[PDB]
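Colleague: My questions will all concern the structure given below.
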Amino acid sequence: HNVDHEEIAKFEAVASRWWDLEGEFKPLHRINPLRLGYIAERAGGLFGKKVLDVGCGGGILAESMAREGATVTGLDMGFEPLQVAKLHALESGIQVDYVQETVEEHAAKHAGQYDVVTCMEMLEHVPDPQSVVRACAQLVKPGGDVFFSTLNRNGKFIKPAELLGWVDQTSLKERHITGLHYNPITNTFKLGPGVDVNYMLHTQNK
Ligand SMILES: Nc1ncnc2c1ncn2[C@@H]1O[C@H](CSCC[C@H](N)C(=O)O)[C@@H](O)[C@H]1O
């Protein structure tokens with residue numbers, strides 16, 4: 001129900017390109033060590049934790065979290081991205097459980113089961129983002145961590161201030177927020193203050 005079929009078709013159409021490091025998803029590949037490092041730091045490590053990756057797509061974050069010893073469920077509504085995720089995980093020799101369903105359906109069946117829920121670059125593609133925020137809150141264990149982010153911009157952006165309003169209506173507490181910026185001194189992208197055009201948000205279930 002809470003799905004934009006057009007948005008899904010778009011990602012389904014480019015699913016084969018997902019793991020091309022120089023293709024359309026290059027920014028996600030480049031960003032991933034950073035968000036993975038952020039998640040591991042904020043959640044206090046990922047080893048042996050149950051982790052749900054909402055709108056996992058081709059599995060860029062999901063696979064990498066499983067590599068750190070997390071028990072990862074990847075969720076998406078796109079058929080082809082999940083086919084690609086499943087195959088790529090097998091090619092890597094990494095175990096990830098990939099499922100095709102909405103986060104609301106998953107929440108109704110798996111409430112409170114996850115130590116960590118990640119929801120990256122997904123919200124802007126959803127007809128009703130508040131519902132996704134509510135589901136993530138429902139999915140997470142007490143004391144669990146929920147992360148939201150939009151680190152990739154191009155040619156629909158949910159402002160962080162608006163997302164905070166959504167988080168405030170749930171059992172999730174905002175813990176930390178940071179932006180992604182180019183650092184000329186180090187010639188690298190780094191997480192830091194300033195969320196005008198992108199962000200990463202750490203919330204914790206209370
Ligand atoms: N309503 C919905 N339910 C589940 N997945 C959705 C969705 N709307 C969009 N998506 C998925 O969200 C993904 C956005 S691309 C982001 C991929 C991944 N989260 C990452 O950052 O690495 C696409 O795979 C798309 O199919």
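Numbering starts fresh at 1 for the residues of each chain in the structure tokens, the chains themselves are lettered A, B, ... in the order given, and ligands are numbered from 1 as they appear.
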Which chain A residues have any atom within 7 Å of an atom of ligand 1, and for each, what is the nearest pair of atoms with distance in Å to one decimal, counting only C-alpha atoms and all ligand atoms, rows sorted by chain and number, as a tab-separated table?
Modeller:
```
residue	atom	partner	partner_atom_place_in_ligand_line	distance
A:2	CA	ligand 1	1 (N)	5.6
A:3	CA	ligand 1	1 (N)	3.8
A:4	CA	ligand 1	1 (N)	6.2
A:7	CA	ligand 1	9 (C)	6.2
A:8	CA	ligand 1	26 (O)	4.7
A:11	CA	ligand 1	26 (O)	5.3
A:12	CA	ligand 1	26 (O)	6.8
A:28	CA	ligand 1	22 (O)	5.8
A:53	CA	ligand 1	19 (N)	6.9
A:54	CA	ligand 1	19 (N)	6.3
A:55	CA	ligand 1	12 (O)	3.7
A:56	CA	ligand 1	19 (N)	4.1
A:57	CA	ligand 1	24 (O)	3.2
A:58	CA	ligand 1	24 (O)	6.5
A:59	CA	ligand 1	22 (O)	6.3
A:60	CA	ligand 1	22 (O)	4.8
A:61	CA	ligand 1	22 (O)	5.1
A:75	CA	ligand 1	4 (C)	6.3
A:76	CA	ligand 1	5 (N)	3.7
A:77	CA	ligand 1	4 (C)	4.2
A:78	CA	ligand 1	26 (O)	4.5
A:81	CA	ligand 1	24 (O)	6.1
A:101	CA	ligand 1	4 (C)	6.5
A:102	CA	ligand 1	3 (N)	4.8
A:103	CA	ligand 1	3 (N)	6.3
A:119	CA	ligand 1	19 (N)	6.3
A:120	CA	ligand 1	19 (N)	4.5
A:121	CA	ligand 1	16 (C)	4.9
A:122	CA	ligand 1	12 (O)	4.6
A:125	CA	ligand 1	8 (N)	5.0
A:126	CA	ligand 1	1 (N)	5.1
```
Colleague: Next, the residues of the selection above should be written as a short mmCIF file (atom, residue, chain, number, x, y, z; two decimals), in the first residue's frame with N, CA, C and O atoms.
Modeller:
```cif
data_model
loop_
_atom_site.label_atom_id
_atom_site.label_comp_id
_atom_site.auth_asym_id
_atom_site.auth_seq_id
_atom_site.Cartn_x
_atom_site.Cartn_y
_atom_site.Cartn_z
N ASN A 2 1.74 1.43 0.98
CA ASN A 2 2.52 2.67 1.07
C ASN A 2 3.74 2.62 0.13
O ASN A 2 4.88 2.69 0.58
N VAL A 3 3.47 2.52 -1.17
CA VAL A 3 4.50 2.30 -2.18
C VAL A 3 4.24 3.12 -3.44
O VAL A 3 3.11 3.17 -3.91
N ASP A 4 5.26 3.75 -4.01
CA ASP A 4 5.09 4.42 -5.30
C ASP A 4 5.64 3.51 -6.40
O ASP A 4 6.84 3.31 -6.54
N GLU A 7 8.31 4.90 -8.63
CA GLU A 7 9.63 4.96 -7.99
C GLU A 7 10.29 3.58 -8.03
O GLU A 7 11.46 3.47 -8.36
N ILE A 8 9.52 2.55 -7.69
CA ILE A 8 10.02 1.17 -7.69
C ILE A 8 10.46 0.77 -9.10
O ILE A 8 11.53 0.19 -9.29
N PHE A 11 13.94 2.09 -10.00
CA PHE A 11 15.05 1.31 -9.44
C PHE A 11 15.15 -0.09 -10.05
O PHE A 11 16.24 -0.60 -10.28
N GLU A 12 14.00 -0.71 -10.29
CA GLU A 12 13.99 -2.00 -10.97
C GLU A 12 14.71 -1.87 -12.32
O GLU A 12 15.54 -2.71 -12.66
N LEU A 28 26.77 6.05 -3.76
CA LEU A 28 26.46 5.19 -2.62
C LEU A 28 27.64 4.31 -2.25
O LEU A 28 27.90 4.07 -1.07
N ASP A 53 17.55 -3.52 7.19
CA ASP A 53 17.86 -2.44 6.25
C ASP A 53 16.67 -2.19 5.33
O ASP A 53 16.40 -2.98 4.41
N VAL A 54 15.99 -1.11 5.61
CA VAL A 54 14.80 -0.68 4.92
C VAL A 54 15.07 0.04 3.62
O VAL A 54 15.67 1.06 3.58
N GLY A 55 14.59 -0.54 2.55
CA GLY A 55 14.82 -0.05 1.22
C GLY A 55 16.26 -0.36 0.90
O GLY A 55 16.98 0.48 0.48
N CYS A 56 16.67 -1.60 1.14
CA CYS A 56 18.01 -2.06 0.94
C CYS A 56 18.49 -2.01 -0.50
O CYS A 56 19.64 -1.91 -0.74
N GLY A 57 17.57 -2.09 -1.42
CA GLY A 57 17.93 -2.10 -2.81
C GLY A 57 18.85 -3.26 -3.13
O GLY A 57 18.62 -4.37 -2.75
N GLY A 58 19.91 -2.95 -3.83
CA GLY A 58 20.89 -3.94 -4.27
C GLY A 58 21.83 -4.42 -3.17
O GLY A 58 22.69 -5.28 -3.42
N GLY A 59 21.69 -3.85 -1.97
CA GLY A 59 22.37 -4.38 -0.79
C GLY A 59 23.71 -3.76 -0.42
O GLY A 59 24.52 -4.38 0.27
N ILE A 60 23.95 -2.53 -0.88
CA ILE A 60 25.25 -1.91 -0.63
C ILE A 60 25.51 -1.78 0.86
O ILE A 60 26.55 -2.23 1.34
N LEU A 61 24.57 -1.22 1.61
CA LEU A 61 24.78 -1.13 3.06
C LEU A 61 24.55 -2.48 3.74
O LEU A 61 25.30 -2.86 4.62
N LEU A 75 15.20 -5.35 3.22
CA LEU A 75 13.86 -5.22 2.77
C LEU A 75 13.69 -4.20 1.68
O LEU A 75 14.18 -3.14 1.75
N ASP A 76 12.96 -4.57 0.67
CA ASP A 76 12.72 -3.68 -0.45
C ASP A 76 11.46 -4.12 -1.13
O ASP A 76 11.03 -5.21 -0.93
N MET A 77 10.90 -3.26 -1.94
CA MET A 77 9.70 -3.63 -2.67
C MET A 77 10.00 -3.92 -4.14
O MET A 77 9.16 -4.44 -4.87
N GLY A 78 11.22 -3.59 -4.57
CA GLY A 78 11.64 -3.83 -5.93
C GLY A 78 12.13 -5.26 -6.15
O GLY A 78 12.97 -5.76 -5.41
N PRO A 81 16.08 -5.31 -7.87
CA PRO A 81 17.15 -4.96 -6.92
C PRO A 81 17.43 -6.08 -5.91
O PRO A 81 18.59 -6.30 -5.57
N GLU A 101 8.83 -6.89 0.75
CA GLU A 101 7.57 -6.46 1.36
C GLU A 101 7.69 -5.01 1.84
O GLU A 101 8.76 -4.39 1.75
N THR A 102 6.59 -4.45 2.33
CA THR A 102 6.63 -3.10 2.83
C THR A 102 7.14 -3.13 4.26
O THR A 102 7.04 -4.16 4.94
N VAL A 103 7.70 -2.02 4.72
CA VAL A 103 8.17 -1.95 6.09
C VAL A 103 6.98 -2.04 7.07
O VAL A 103 7.11 -2.61 8.16
N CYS A 119 17.56 3.20 7.52
CA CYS A 119 16.63 3.66 6.52
C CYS A 119 17.28 4.77 5.71
O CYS A 119 17.13 5.95 6.02
N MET A 120 18.03 4.37 4.69
CA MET A 120 18.90 5.29 3.97
C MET A 120 18.38 5.57 2.57
O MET A 120 18.08 4.64 1.81
N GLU A 121 18.30 6.85 2.24
CA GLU A 121 17.90 7.31 0.91
C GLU A 121 16.56 6.74 0.49
O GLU A 121 16.28 6.61 -0.71
N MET A 122 15.74 6.35 1.41
CA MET A 122 14.51 5.71 1.08
C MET A 122 13.25 6.55 1.18
O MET A 122 12.38 6.46 0.37
N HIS A 125 11.19 8.52 -1.46
CA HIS A 125 10.58 7.75 -2.49
C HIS A 125 9.24 7.17 -2.07
O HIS A 125 8.62 6.50 -2.82
N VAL A 126 8.83 7.47 -0.87
CA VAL A 126 7.67 6.95 -0.27
C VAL A 126 6.44 7.86 -0.26
O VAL A 126 6.53 8.96 0.14
#
```
Colleague: Would you list the contacts of residue A:65 as a list in words, taking every protein, DNA or RNA residue within 8 Å and counting only C-alpha atoms, but skipping same-chain residues closer than 6 positions in sequence?
Modeller: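 Skipping anything fewer than 6 positions along the chain leaves residues 36, 46 and 72 of chain A.
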Colleague: Take the residues from that selection and put them in a file with N, CA, C and O atoms, as an mmCIF file, in the first residue's frame.
Modeller:
```
data_model
loop_
_atom_site.group_PDB
_atom_site.id
_atom_site.type_symbol
_atom_site.label_atom_id
_atom_site.label_comp_id
_atom_site.auth_asym_id
_atom_site.auth_seq_id
_atom_site.Cartn_x
_atom_site.Cartn_y
_atom_site.Cartn_z
ATOM 1 N N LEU A 36 28.660 3.363 7.232
ATOM 2 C CA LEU A 36 28.875 2.139 7.990
ATOM 3 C C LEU A 36 29.662 2.442 9.268
ATOM 4 O O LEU A 36 29.322 1.971 10.354
ATOM 5 N N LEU A 46 28.248 -3.785 15.518
ATOM 6 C CA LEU A 46 27.193 -4.496 14.799
ATOM 7 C C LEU A 46 27.260 -6.012 14.941
ATOM 8 O O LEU A 46 26.343 -6.707 14.519
ATOM 9 N N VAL A 72 21.616 -9.702 9.150
ATOM 10 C CA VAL A 72 20.970 -8.639 8.401
ATOM 11 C C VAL A 72 19.781 -9.143 7.589
ATOM 12 O O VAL A 72 19.880 -10.141 6.873
#
```
Colleague: Considering only C-alpha atoms, state which residue in the set A:151, A:199, A:193, A:186 is at the smallest distance from residue A:164.
Modeller: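 The closest residue to residue A:164 is A:199.
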Colleague: Need the shell around stretch 18-20 of chain A: protein/DNA/RNA residues with any atom at most 8 Å away, counting only C-alpha atoms. Skip same-chain ones fewer than 2 positions apart. Format as a PDB file with C-alpha atoms, in the first residue's frame?
Modeller:
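See around_15.pdb below for the written result:
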```pdb
ATOM      1  CA  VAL A  14      18.584   0.219 -13.179  1.00  0.00           C
ATOM      2  CA  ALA A  15      19.025  -2.829 -10.902  1.00  0.00           C
ATOM      3  CA  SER A  16      21.721  -4.443 -13.090  1.00  0.00           C
ATOM      4  CA  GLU A  22      31.554   3.737 -11.816  1.00  0.00           C
ATOM      5  CA  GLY A  23      27.845   3.562 -12.588  1.00  0.00           C
ATOM      6  CA  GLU A  24      24.762   5.361 -11.359  1.00  0.00           C
ATOM      7  CA  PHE A  25      25.230   4.186  -7.762  1.00  0.00           C
ATOM      8  CA  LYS A  26      28.808   5.361  -7.504  1.00  0.00           C
ATOM      9  CA  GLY A  58      20.893  -3.938  -4.269  1.00  0.00           C
ATOM     10  CA  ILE A  60      25.248  -1.906  -0.635  1.00  0.00           C
ATOM     11  CA  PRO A  81      17.145  -4.964  -6.916  1.00  0.00           C
ATOM     12  CA  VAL A  84      20.765  -8.494  -7.537  1.00  0.00           C
TER      13      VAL A  84
END
```
Colleague: With a distance cut-off of 10 Å and only C-alpha atoms, select the neighbouring residues of residue A:117, excluding the residue or stretch itself and same-chain residues fewer than 6 positions from it, and output the selection as a short mmCIF file (atom, residue, chain, number, x, y, z; two decimals) with C-alpha atoms, in the first residue's frame.
Modeller:
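As a result, part.cif now contains:
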```cif
data_model
loop_
_atom_site.label_atom_id
_atom_site.label_comp_id
_atom_site.auth_asym_id
_atom_site.auth_seq_id
_atom_site.Cartn_x
_atom_site.Cartn_y
_atom_site.Cartn_z
CA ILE A 39 26.32 3.30 12.30
CA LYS A 50 19.76 -8.20 14.36
CA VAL A 51 19.68 -5.48 11.74
CA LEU A 52 16.92 -4.43 9.35
CA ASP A 53 17.86 -2.44 6.25
CA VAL A 54 14.80 -0.68 4.92
CA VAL A 72 20.97 -8.64 8.40
CA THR A 73 17.50 -8.60 6.87
CA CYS A 136 10.92 1.61 12.05
CA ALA A 137 10.15 2.69 15.60
CA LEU A 139 10.58 -2.66 14.53
CA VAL A 140 13.26 -1.80 16.94
CA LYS A 141 13.97 -3.26 20.28
CA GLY A 144 17.59 -0.04 19.83
CA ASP A 145 19.01 2.25 17.18
CA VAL A 146 17.25 3.64 14.17
CA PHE A 147 19.17 5.58 11.52
CA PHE A 148 17.78 7.82 8.78
CA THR A 203 17.83 7.95 16.91
#
```
Colleague: Run DSSP on the backbone and grab whatever in stretch 95-184 of chain A lands in alpha helix (DSSP H); send it over as a VMD selection string.
Modeller: chain A and resid 103 to 110 129 to 139 160 to 168
